[PDB]
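First up is the structure itself, then whatever we jot down about it.
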Protein chains: 2
Amino acid sequence: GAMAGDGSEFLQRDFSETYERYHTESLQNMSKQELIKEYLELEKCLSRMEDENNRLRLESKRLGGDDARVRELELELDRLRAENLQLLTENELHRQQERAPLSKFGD
Amino acid sequence: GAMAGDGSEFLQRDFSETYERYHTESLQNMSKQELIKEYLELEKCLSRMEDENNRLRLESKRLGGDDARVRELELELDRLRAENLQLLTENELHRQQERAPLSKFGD
């Protein structure tokens, strides 16, 4: 048998990331397969969230939310126009028809 | 020397992911360190994008964008109120002061 010849066939400990992000260990201590499985999920997730995020961020900033106030204002305007009509039509009724103004007990 | 023995000390090929997502190979063919490095980025990215996505999605849907239409309508209303004032004030000028209406050439 080889003179001792310890079976130290450890794979390349190329893990040189002397960094300790809370999940770094767990990330290295996980099996590459799993990390990959979560990549297909997390990656596709971020990918899908990129499509949305792109739009979302562009839309949101370009979004507000006031159409109901608008509507109330349009309804209000149609309401004021109601009075405008009532008042102008009367003003006109005094103005348009000369020498005609409703013969009220003016004199 | 050992009777051939062969150095077949290959690590456990526990890569049972018999799946071929376009990046699966490349994902396994990358070094775990790198996959981890991109996790710290992609993960924190998705983390940040989760915070925003959450709000964004909640906000966007609950957002619109009409305040300027609103404003135009408020300006419009103030405008109509301008007339309402002009017309009501005149209607009143005919109504309020009895036996007083501007002695126009009515008679």
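The chains in the structure tokens are called A, B, ... from first to last as shown; in each chain the residues are counted from 1, and the ligands are counted from 1 in the order shown.
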
Enumerate as a PyMOL selection string the residues belonging to chain A that approach chain B to within 6 Å, with only C-alpha atoms taken into account. chain A and resi 46+60+63-67+70+73+77+84+87+99+106

Selected residues written out with C-alpha atoms, as a PDB file, in the first residue's frame:
ATOM      1  CA  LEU A  46     -36.320  39.222 -10.853  1.00  0.00           C
ATOM      2  CA  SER A  60     -46.108  55.146 -11.015  1.00  0.00           C
ATOM      3  CA  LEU A  63     -49.299  58.370 -12.357  1.00  0.00           C
ATOM      4  CA  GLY A  64     -51.436  60.351  -9.903  1.00  0.00           C
ATOM      5  CA  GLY A  65     -55.080  59.617  -9.049  1.00  0.00           C
ATOM      6  CA  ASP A  66     -57.515  62.457  -9.231  1.00  0.00           C
ATOM      7  CA  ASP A  67     -60.111  61.397 -11.901  1.00  0.00           C
ATOM      8  CA  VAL A  70     -61.973  65.562 -11.851  1.00  0.00           C
ATOM      9  CA  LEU A  73     -65.349  68.952 -10.790  1.00  0.00           C
ATOM     10  CA  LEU A  77     -69.027  72.455 -13.758  1.00  0.00           C
ATOM     11  CA  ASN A  84     -75.056  79.956 -15.846  1.00  0.00           C
ATOM     12  CA  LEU A  87     -78.929  83.217 -15.068  1.00  0.00           C
ATOM     13  CA  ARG A  99     -88.816  97.082 -24.428  1.00  0.00           C
ATOM     14  CA  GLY A 106     -91.413  97.986 -11.566  1.00  0.00           C
TER      15      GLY A 106
END
